[PDB]
């Protein structure tokens, strides 16, 4: 699985490494994937490049929810409950790693069909066999 995590500027390198480790362990546990196959990309958001309700994030601090946004690409074949656990445990991993309020953490999942997933130039549905 692949997690693209947009985070706010100003986090320490130490938080980012903790974010990468904990979220990858959470995704591994929750997606039933090997740890080694989990890739994480951190993208930092300048406050002038992040909009909530049409406002810059810097202008909606108290109530707007400005927080990490994660898109997790997983292969097809997981149940609703396993994907719910993925969303919960990855969000908890993001929250404690960044000391960000859990309610500000947003995660969405995109499912990839095996015929749309390539590793080393080969379809996953064919190397699996």
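Numbering follows the first chain given and starts at 1.
Exercise for the section: With reference to the PDB entry, specify whether the mean Cα temperature factor is higher for 91-99 or for 68-76. Expected result: Mean C-alpha B-factor is greater for 91-99.
Practice task
Between 57-65 and 36-44, name whichever shows the higher mean Cα B factor according to the PDB entry.
Solution key: Per the PDB entry, the higher value belongs to 57-65.
Problem - Chain thirds of CA B-factor: placement of residue 123 - result: Middle third.
Exercise for the section: Would you check the entry's CA temperature factor for residue 114 and let me know if it's in the chain's lowest, middle or highest third? Expected result: Its C-alpha B-factor, which the entry lists for residue 114, ranks in the middle third among residues of this chain.
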